[PDB]
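Asker:
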Amino acid sequence: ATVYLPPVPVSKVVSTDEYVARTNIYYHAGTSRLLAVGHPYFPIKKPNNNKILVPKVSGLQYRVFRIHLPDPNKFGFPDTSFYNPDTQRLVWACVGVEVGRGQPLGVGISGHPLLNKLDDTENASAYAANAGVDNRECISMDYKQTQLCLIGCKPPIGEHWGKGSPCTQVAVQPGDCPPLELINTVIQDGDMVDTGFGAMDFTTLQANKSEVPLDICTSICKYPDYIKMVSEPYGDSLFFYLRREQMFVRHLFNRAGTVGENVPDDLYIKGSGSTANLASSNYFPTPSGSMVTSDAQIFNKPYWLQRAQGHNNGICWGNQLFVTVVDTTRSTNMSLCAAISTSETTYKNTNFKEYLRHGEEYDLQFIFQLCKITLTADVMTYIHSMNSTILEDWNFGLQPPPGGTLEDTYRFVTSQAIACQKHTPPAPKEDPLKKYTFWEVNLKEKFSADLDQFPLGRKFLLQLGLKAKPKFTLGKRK
Amino acid sequence: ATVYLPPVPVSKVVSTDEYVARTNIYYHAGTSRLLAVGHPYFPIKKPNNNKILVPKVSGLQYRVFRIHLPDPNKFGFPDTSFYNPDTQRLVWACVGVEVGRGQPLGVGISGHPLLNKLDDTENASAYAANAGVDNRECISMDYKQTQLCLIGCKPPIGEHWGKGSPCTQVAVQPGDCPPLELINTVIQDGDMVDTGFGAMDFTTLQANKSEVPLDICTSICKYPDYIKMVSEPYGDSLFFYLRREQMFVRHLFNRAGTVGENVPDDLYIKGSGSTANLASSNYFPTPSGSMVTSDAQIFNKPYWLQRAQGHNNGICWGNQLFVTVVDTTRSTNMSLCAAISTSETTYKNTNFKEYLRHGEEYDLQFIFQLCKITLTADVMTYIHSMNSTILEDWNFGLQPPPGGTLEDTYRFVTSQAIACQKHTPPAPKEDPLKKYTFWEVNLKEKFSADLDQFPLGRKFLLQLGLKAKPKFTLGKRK
Amino acid sequence: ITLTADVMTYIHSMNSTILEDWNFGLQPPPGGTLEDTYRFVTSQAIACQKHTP
Amino acid sequence: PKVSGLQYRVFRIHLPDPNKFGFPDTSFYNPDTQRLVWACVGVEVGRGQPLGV
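Chains as they are written, first to last, in UniProt numbering: chain A, 35 to 512; chain B, 35 to 512; chain C, 407 to 459; chain D, 89 to 141.
(1) Quick one: using the 10 Å Cβ neighbour count with 16 as the cut-off for buried, is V125 of chain A buried or exposed?
(2) Taking 7 Å as the cut-off, decide whether the C-beta atoms of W473 of chain B and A453 of chain C are in contact.
(3) Measuring alpha carbon to alpha carbon, tell me which residue in A:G305, A:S365 and A:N150 is nearest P74 of chain A.
(4) Kindly say whether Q455 of chain C, judged by its beta-carbon, lies nearer than 7 Å to any beta-carbon of chain B.
(5) So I424 of chain A is in the alpha helix (DSSP H); what residue range does that whole segment cover?
(6) Is it buried or exposed for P435 of chain A, if we count other Cβ within 10 angstroms and need 16 for buried?
(7) Listing by chain order, which chain D residues have their CB less than 7 Å from the CB of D228 of chain A?
(8) Is there at least one Cβ from chain B nearer than 7 Å to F111 of chain D's Cβ?
(9) For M281 of chain A, go through chain D and note every residue whose CB falls closer than 7 Å to its CB, in chain order.
(10) What residues from the region 421 to 433 of chain B come within 7 Å of chain A, judged by C-beta to C-beta, listed N to C?
(11) Listing by chain order, which chain B residues have their CB less than 9 Å from the CB of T443 of chain C?
(12) Looking at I407 of chain B and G130 of chain B, is the spacing between their C-beta atoms short of 7 Å?
(13) Check the Cβ of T410 of chain C against every Cβ in chain D and list those closer than 8 Å, keeping chain order.
(14) With a cut-off of 8 Å on the beta carbons, I'd call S92 of chain A and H392 of chain A a contact; round off their distance for me.
(15) Among A:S315, A:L276, A:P321 and A:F116, which has the Cα closest to the Cα of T57 of chain A?
(16) Could you tell me the distance, in whole angstroms, from the CA atom of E52 of chain B to the CA atom of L432 of chain B?
(17) When DSSP builds the beta bridges, which residues end up paired with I217 of chain B?
(18) Along chain D, in chain order, which residues have C-beta atoms closer than 8 Å to that of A451 of chain B?
(19) Cutting at 6 Å between CB atoms, please list the residues of its own chain near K90 of chain A, excluding the five before and the five after it.
(20) Tell me the DSSP bridge mates of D210 of chain A?
(21) Where does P200 of chain A fall in DSSP's three states?
(22) Can you pull the chain D residues whose beta carbon is under 8 Å from the beta carbon of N118 of chain B, in chain order?
(23) Looking at the C-beta of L404 of chain B, does it have a partner C-beta in chain E at a distance below 7 Å?
(24) Quick one, are the C-beta atoms of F109 of chain A and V357 of chain A less than 7 Å apart?
(25) So if I threshold CB-CB distances at 9 Å, which residues from the region 200 to 211 of chain A count as touching chain B?
(26) Less than 6 Å separating the Cβ of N218 of chain A from some heavy atom of the ligand NAD?
(27) Around the Cβ of residue 543 of chain A, are there at least 16 other Cβ atoms within 10 angstroms (buried) or fewer (exposed)?
(28) If we ignore side chains and look at the alpha-carbon of each, how far apart do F446 of chain C and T423 of chain C end up?
(29) Against chain A, with Cβ distances strictly below 7 Å, would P459 of chain B count as a contact?
(30) What three-state label does DSSP hand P106 of chain A in the structure shown?
(31) Is the beta carbon of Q403 of chain B sitting closer than 7 Å to the one on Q203 of chain A?
(32) So within the region 270 to 341 of chain A, which uninterrupted alpha helix (DSSP H) runs reach at least 4 residues, ignoring any that extend past its ends?
(33) For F488 of chain B, does the three-state DSSP call read helix, strand or coil?
(34) Restricting to Cα atoms, I'd like to know which of A:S328, A:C128 and A:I86 is closest to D105 of chain A.
(35) Cα separation between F506 of chain A and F318 of chain A?
So, in structure tokens, the structure goes:
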């Protein structure tokens, strides 16, 4: 520049598929399986202390991993360089991923010993059974079936309705629901999916703090904010998503507690008896999970990334991948027991102490394409306007210093002081993370160049070149 | 190449129209004839509130009008093959202003019921000397003739005298009347023009606060500073101005109060009577107009622009115009009364409630030529040293993937009645060319291709000489 | 929209009102006729006269 | 207010005058022998709400 920052773009934003050439050099990577054994309901901590002994792990929460990748320009190379390192720079493209489940078919489960529930109002049994002191019951559910996986390279955006706070312009008091304002935030590991009360916080909306389970009270519940993400052309925040979700209405119920609502008292006619009074108009549909089937598994089959939502196809502008997984369908909870004493020789429920765990597996197989971004002066100006940090990291002119001189604290040694001594010694240092809240997967040298002996690999050779297998695949008929 | 780019230099100083290419597309616009009906002296307010019922409006007061124009590029036309934004932008040029006037002949009335006044200077009816009896008579006068107009496109500066550095004793005294130092500041609507008591404050300046009429008593008097604006080197502040002005002395009068002023006793012989008593030097001229006729106007006459006085040609930079008009030749005040109960035909105040008004009419009729600015980097960068803002509005470049919008933006209210709240909407804004209130003239919805429907454009046609357009014909009348 | 005099004859027969709203023909008449004097408020500005109610 | 998806949500959408509208190169146009009109060539409607009846 000038002209001008550039032009044009904006408008029309140049794709990274017009000057970023693919190469036929392939490396292969994968993980060694991942296993995390939690307690979905709550983490089990030592209550004499504050540290976890069993974490919280669940498929009914987002499992969001921050994958850090090498860069090809760190290599000594096996000789993948035939040109000057300043006419081009190298970046990865990920062209296939399979995300495996090692968990059997069967659901996980959540619940609450005191879920806020009055009476049954699907078909009556009461108007109220209580409006004084207590009325909550032992009730469990498995939250709705959600399967989705989505892949990006910058952090995903979630939406949820946060607490818009009661206003005093229009009459809303405590004991009236607030106006609700949508407060959107990044999807991060440990966070709960939508429950079908809407996707909202429950940490400060809830004030009994015991309407719902131990798990969702203490999370933010979120719905994916597809909408802002698919409107970024580049799609660096995601360049792949899919979903399958469903839920059915188990039974209508009424919440524990009295109306806070204002009912116009002129939309009915008064009765006599039971029909004189009103129940609480705080009806809620009770939701419940769906039937699990092996034809609903979007997993253990490969998601290609040869093409992507974004201009991005896994192109490294940080050398990171974000992979978010939800699987509620193999999120088996396995039940077990240990006997408290062998002093009790009869069957007692004060003898054999039931315990639940959830075991969580994930494996990710990857095929990596080596790609290049060819740099001319004009290209370099576009990137500079785009994100300057990329140029510096690559290393590219024009840098000051010099620099110099003197220094201080001279001779001796100490020696007393003299001399100097100021002293004064440097670097706190401080501070931004940039962690933020993710299950760290380091890949740096799991990279390969054979892909005939990885299962994903074999299928990728089949798809790409129509060879090699190596001998044969399938049937026939069968 | 190039690379960079001098401005091209600010010290090469040029017409602001050496790079603005006129085109022959012409549109017309004007007003409906705006009206303001005040009370000449002050505003007649509710005395429970500060809210006006009757504003304060005269022709002896500034009429500052803020003409607003769209950017032409943003304005649609039905045929548009004269602009491409990949090559050019557009900007208005006003090439004719007609000041419609339509009011009777008459002049504003100003007065003070406690105007300081003792004797006649014009006569020797009574003495001007020491007097501990302070006379205050009800006197009224019309103020001087002021007719002027300025048409500009940036805010215009009038000068006045303020109270500058102070004295070391109390102010407005013998020998400790403070230094009065010139404060130039932007012209305000409905603040006073020059009145023949000069251009200065009176609230803090005049500590008697009772010697001069009410309309200028609480208010500043200011005169437009011509010298400064024509000594600006782009002449955007103004670029056309004209005046016709005069004072007439109604009579010199002398104020009451004792003599503080020194009378040397080496300039007159001693005797008795007069030659031993001090004399007042407390004279004030009384301002009045000399003659007023509606053929003594400078108004009602078309002003054809084609190369402004300034380094402008009459270009609407920012697509605004700042018109400050004074007219006193017409500035009639009309008196009315309301009878509540006639019960004697001879005046009573339990009958006839006297009222005073002043009604003020102005119409502004316009013909605007469209002109273009080519997008050349040397011109752009030079414009950037002059003012970057026109450029930023046009907008160039990234927006890395894209920030601000899209993103995708925005959420989401769209108010109901709950709504989402809390709100407290975002703040009030001030326009960058607005510091003081003006009489706003929006023009953004009235543009006509044809100029034959309006007498100002026909007159422009005939003067233009396309195609070729009579001109005149005789008679007229006769 | 391609339009000629014959085609227009038909356009009005279907919906009078469409041509009349577009009014790139026609006429309803342009206007004209007066704009003035003067409405509303009346008065403005300064004024706030009466308010006017 | 009673606003829900269980009662008809009828939106009046009012669109630019196409006839006089911002364009980049037009000089064919004759008001008498041609007119312009918008035709909308797609709509998507985002329902940003989660499941829940």
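Where is the CB? At the ideal position from N, CA and C, for every residue including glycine.
Answerer: Inspection of the coordinates gives the following:
(1) It is buried - the Cβ of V125 of chain A has at least 16 other Cβ atoms within 10 Å.
(2) Their beta carbons are not under 7 Å apart, which means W473 of chain B does not touch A453 of chain C by this criterion.
(3) Comparing Cα-Cα distances from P74 of chain A to each of A:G305, A:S365 and A:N150, the minimum goes to A:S365.
(4) Yes, contact with chain B.
(5) Residues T423 to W428.
(6) Result: exposed.
(7) Within chain D, the C-beta atoms nearer than 7 Å to that of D228 of chain A come from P138, in chain order.
(8) Using a CB distance cut-off of 7 Å, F111 of chain D counts as an interface residue toward chain B.
(9) Against chain D, the beta carbon of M281 of chain A has neighbours under 7 Å at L139, listed in chain order.
(10) Cβ proximity to chain A below 7 Å picks out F430, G431, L432 and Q433 from the region 421 to 433 of chain B.
(11) Correct list: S66, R67, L69, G136, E395 and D397.
(12) Going by beta carbons, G130 of chain B and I407 of chain B fall outside the 7 Å limit.
(13) Under the 8 Å cutoff, chain D gives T121.
(14) Taking C-beta atoms under 8 Å as the contact rule, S92 of chain A and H392 of chain A qualify, at a distance of about 6 Å.
(15) The option with the nearest alpha carbon to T57 of chain A is A:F116.
(16) C-alpha separation (whole angstroms): 30 Å.
(17) According to DSSP, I217 of chain B bridges with B:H194.
(18) The CB of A451 of chain B comes closer than 8 Å to the CB of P89 in chain D, given here in chain order.
(19) Excluding sequence neighbours, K90 of chain A sits near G72 and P77.
(20) Assignment of beta-bridge partners to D210 of chain A by DSSP yields A:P208.
(21) Taken through DSSP and simplified to helix, strand or coil, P200 of chain A comes out as coil.
(22) For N118 of chain B, the residues of chain D that pass the 8 Å Cβ criterion are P112 and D113, in the order they occur in the chain.
(23) Here chain E cannot be found, since the structure's protein chains are A, B, C and D.
(24) No Cβ-Cβ contact shorter than 7 Å links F109 of chain A with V357 of chain A.
(25) Within the region 200 to 211 of chain A, those residues whose Cβ lies closer than 9 Å to any Cβ of chain B are, in chain order, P200, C201, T202, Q203, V204 and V206.
(26) Ligands displayed in this structure: none; no statement on the ligand NAD is therefore possible.
(27) Here chain A has residues from 35 to 512 only, and residue 543 of chain A is not among them.
(28) Approximately 29 Å, taken between the alpha carbons.
(29) Closer than 7 Å: no.
(30) Three-state result, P106 of chain A: helix.
(31) Cβ atoms of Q403 of chain B and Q203 of chain A: not closer than 7 Å.
(32) For the region 270 to 341 of chain A, not a single whole alpha helix (DSSP H) run of length 4 or above is found.
(33) In the structure shown, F488 of chain B sits in coil (DSSP, three-state: anything other than H, G, I, E or B).
(34) Each of A:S328, A:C128 and A:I86 was checked against the Cα of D105 of chain A, and the nearest Cα belongs to A:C128.
(35) Using only the alpha carbons, I get a separation of about 56 Å.
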